[PDB]
$ cat model-v1.txt   # compact mmCIF, C-alpha atoms
# COMPACT_ATOMS: atom_id res chain seq x y z
CA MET A 1 105.79 120.52 105.16
CA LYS A 2 104.59 116.86 105.50
CA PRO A 3 105.12 113.83 107.98
CA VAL A 4 108.62 112.94 106.63
CA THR A 5 110.92 114.35 103.78
CA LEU A 6 109.85 111.80 100.99
CA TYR A 7 113.54 111.41 99.95
CA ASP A 8 113.62 109.20 103.10
CA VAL A 9 110.97 106.89 101.53
CA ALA A 10 112.78 107.08 98.18
CA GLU A 11 116.17 106.11 99.69
CA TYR A 12 114.85 103.27 101.94
CA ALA A 13 113.00 101.93 98.85
CA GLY A 14 116.34 102.51 97.00
CA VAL A 15 114.64 104.43 94.13
CA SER A 16 115.39 107.88 92.49
CA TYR A 17 112.95 110.61 94.01
CA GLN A 18 111.27 110.97 90.57
CA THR A 19 109.32 107.71 91.22
CA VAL A 20 108.11 108.38 94.80
CA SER A 21 106.27 111.70 94.26
CA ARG A 22 104.72 110.37 91.11
CA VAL A 23 103.67 107.15 92.93
CA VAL A 24 102.11 109.23 95.71
CA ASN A 25 99.48 110.77 93.37
CA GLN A 26 99.42 107.44 91.43
CA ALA A 27 100.86 109.26 88.43
CA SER A 28 97.42 108.73 86.82
CA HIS A 29 98.71 105.34 85.55
CA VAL A 30 101.93 103.74 87.06
CA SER A 31 103.51 100.21 87.08
CA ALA A 32 102.30 98.07 90.07
CA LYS A 33 105.71 96.68 91.14
CA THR A 34 107.02 100.25 91.74
CA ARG A 35 104.02 100.81 94.07
CA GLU A 36 104.56 97.55 95.99
CA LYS A 37 108.07 98.61 97.02
CA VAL A 38 107.11 102.22 97.94
CA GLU A 39 103.99 100.84 99.78
CA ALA A 40 106.17 98.57 101.92
CA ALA A 41 108.63 101.42 102.65
CA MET A 42 105.76 103.80 103.51
CA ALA A 43 104.22 102.08 106.48
CA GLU A 44 107.70 101.23 107.84
CA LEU A 45 108.90 104.91 107.75
CA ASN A 46 105.81 106.16 109.64
CA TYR A 47 104.58 107.83 106.40
CA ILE A 48 101.06 108.07 105.04
CA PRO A 49 100.07 107.44 101.38
CA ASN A 50 99.15 110.80 99.81
CA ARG A 51 100.94 113.46 101.92
CA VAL A 52 101.70 116.28 99.43
CA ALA A 53 102.73 119.81 100.67
CA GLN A 54 99.19 120.84 101.68
CA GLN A 55 98.74 121.80 105.31
CA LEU A 56 101.01 124.86 105.72

$ encode --input "model-v1.txt" --output "structure tokens"
Amino acid sequence: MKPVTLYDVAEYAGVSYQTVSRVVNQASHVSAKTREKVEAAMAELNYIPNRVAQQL
């Protein structure tokens, strides 16, 4: 599926899931501040930047 259910990142970063999956692929253009919060959360939750459902 992926290293961790991204709702976990979303929730720890305190932000609606809509942001996180968008952030992940950089939503072509997204606001920096959003990224900074997710970015912090990411490392902390043993997660790795661009882990979309592509392995299985």

$ atom_distance --input "model-v1.txt" --atom1 "CA of residue 3 (chain A)" --atom2 "CA of residue 51 (chain A)"
7.4 Å

$ closest_residue --input "model-v1.txt" --among "A:43, A:53, A:38, A:1" --to "residue 26 (chain A)" --atoms "only C-alpha atoms"
A:38

$ atom_distance --input "model-v1.txt" --atom1 "CA of residue 55 (chain A)" --atom2 "CA of residue 32 (chain A)"
28.4 Å

$ closest_residue --input "model-v1.txt" --among "A:9, A:24, A:4, A:56" --to "residue 42 (chain A)" --atoms "all atoms listed in the file"
A:9

$ residues_around --input "model-v1.txt" --residues "residue 34 (chain A)" --least-positions-apart "3" --cutoff "8 Å" --atoms "only C-alpha atoms" --output "list in words"
residues 19, 23, 30, 31, 37 and 38 of chain A

$ atom_distance --input "model-v1.txt" --atom1 "CA of residue 54 (chain A)" --atom2 "CA of residue 39 (chain A)"
20.7 Å

$ closest_residue --input "model-v1.txt" --among "A:12, A:50, A:7, A:45" --to "residue 27 (chain A)" --atoms "all atoms listed in the file"
A:50

$ closest_residue --input "model-v1.txt" --among "A:29, A:46, A:52, A:36" --to "residue 8 (chain A)" --atoms "all atoms listed in the file"
A:46

$ build_atoms --input "model-v1.txt" --residues "region 2-20 of chain A" --atoms "N, CA and C atoms" --output "tab-separated table (two decimals), keeping the file's coordinate frame"
chain	number	residue	atom	x	y	z
A	2	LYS	N	105.12	118.23	105.63
A	2	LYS	CA	104.59	116.86	105.50
A	2	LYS	C	105.15	115.87	106.58
A	3	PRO	N	104.57	114.69	106.89
A	3	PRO	CA	105.12	113.83	107.98
A	3	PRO	C	106.59	113.42	107.97
A	4	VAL	N	107.20	113.33	106.79
A	4	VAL	CA	108.62	112.94	106.63
A	4	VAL	C	109.03	113.42	105.21
A	5	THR	N	110.27	113.94	105.06
A	5	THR	CA	110.92	114.35	103.78
A	5	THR	C	110.99	113.10	102.87
A	6	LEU	N	110.01	112.96	101.95
A	6	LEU	CA	109.85	111.80	100.99
A	6	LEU	C	111.10	111.20	100.33
A	7	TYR	N	112.21	111.95	100.29
A	7	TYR	CA	113.54	111.41	99.95
A	7	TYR	C	113.91	110.22	100.86
A	8	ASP	N	113.48	110.30	102.13
A	8	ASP	CA	113.62	109.20	103.10
A	8	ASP	C	112.94	107.91	102.61
A	9	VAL	N	111.69	108.00	102.16
A	9	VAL	CA	110.97	106.89	101.53
A	9	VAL	C	111.67	106.32	100.28
A	10	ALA	N	112.08	107.27	99.46
A	10	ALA	CA	112.78	107.08	98.18
A	10	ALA	C	114.06	106.25	98.35
A	11	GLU	N	114.88	106.67	99.31
A	11	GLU	CA	116.17	106.11	99.69
A	11	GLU	C	116.08	104.73	100.35
A	12	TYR	N	115.12	104.55	101.26
A	12	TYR	CA	114.85	103.27	101.94
A	12	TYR	C	114.32	102.22	100.93
A	13	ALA	N	113.57	102.73	99.95
A	13	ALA	CA	113.00	101.93	98.85
A	13	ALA	C	114.03	101.80	97.70
A	14	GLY	N	115.10	102.56	97.83
A	14	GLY	CA	116.34	102.51	97.00
A	14	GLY	C	116.12	103.07	95.58
A	15	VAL	N	115.13	103.93	95.43
A	15	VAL	CA	114.64	104.43	94.13
A	15	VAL	C	114.73	105.98	94.07
A	16	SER	N	115.25	106.44	92.93
A	16	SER	CA	115.39	107.88	92.49
A	16	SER	C	114.08	108.63	92.89
A	17	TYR	N	114.15	109.77	93.59
A	17	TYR	CA	112.95	110.61	94.01
A	17	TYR	C	111.86	110.81	92.95
A	18	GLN	N	112.25	110.84	91.69
A	18	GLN	CA	111.27	110.97	90.57
A	18	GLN	C	110.10	109.99	90.71
A	19	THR	N	110.39	108.72	91.03
A	19	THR	CA	109.32	107.71	91.22
A	19	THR	C	108.34	108.08	92.35
A	20	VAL	N	108.88	108.35	93.54
A	20	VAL	CA	108.11	108.38	94.80
A	20	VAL	C	106.99	109.45	94.74
